[PDB]
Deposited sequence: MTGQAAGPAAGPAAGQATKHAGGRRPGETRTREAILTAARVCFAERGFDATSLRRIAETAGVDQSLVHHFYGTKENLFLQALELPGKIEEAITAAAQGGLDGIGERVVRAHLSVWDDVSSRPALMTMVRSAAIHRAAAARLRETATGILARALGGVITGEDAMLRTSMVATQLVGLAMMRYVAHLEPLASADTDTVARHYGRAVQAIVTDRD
């Protein structure tokens, strides 16, 4: 949560309940009031800590927070092997999250505008040269497209291939925009 006494516990309680509620009914069928009630607080509290329902949803989902952190760390180091590190980092996050029925239930209902803005910022400074920003949105597109087919649509044999084989091959695709 953060700074204030009681604040982490209150935020945690609000996030736990939002996962339960959003996984039960989806984003539109879920109100901040029901989340507030499940959490033992009230709407006004939830608006204070989270702003909007949509900000709440993205926090409870964890993925956005996780993608940002994993891509940011992989985007450090040398341009050599960067494509593949970045793909590994992104698969590991989704492998983490797809372990989790409740998060996975929220994903399958659902995030993709969010994720592309997140990936553009995380890959900042990686892509330089001509059409740097076009090329950065193209890496973002690739990663989002990979995540949707491997973990949501379940396209075969992409869905059942080993993480290691997927990163080695899809890495090249990303490396090629980077070295472009």
{"item": "Deposited-sequence ranges lacking C-alpha coordinates, in sequence order", "value": "1-21, 132-140, 211-212"}
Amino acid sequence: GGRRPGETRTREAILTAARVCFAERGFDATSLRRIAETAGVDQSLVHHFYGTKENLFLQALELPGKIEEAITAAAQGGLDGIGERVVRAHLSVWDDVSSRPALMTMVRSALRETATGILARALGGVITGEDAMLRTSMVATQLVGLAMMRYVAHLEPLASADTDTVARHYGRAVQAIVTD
From here on, numbers count along this sequence of modelled residues.
{"item": "Higher-scoring stretch by recorded Cα B factor average, 56-64 or 120-128", "value": "120-128"}
{"item": "Chain-wide C-alpha B factor ranking for residue 85, given as lowest, middle or highest third", "value": "middle"}
{"item": "Cα B factor band for residue 164 (lowest, middle or highest third within the chain)", "value": "highest"}
{"item": "Ranked C-alpha temperature factor of residue 93 among modelled chain residues, by third", "value": "lowest"}
{"item": "Third assignment of residue 48 from its chain's C-alpha B-factors", "value": "lowest"}
{"item": "Assigned third (lowest, middle, highest) for the C-alpha B factor of residue 111", "value": "highest"}
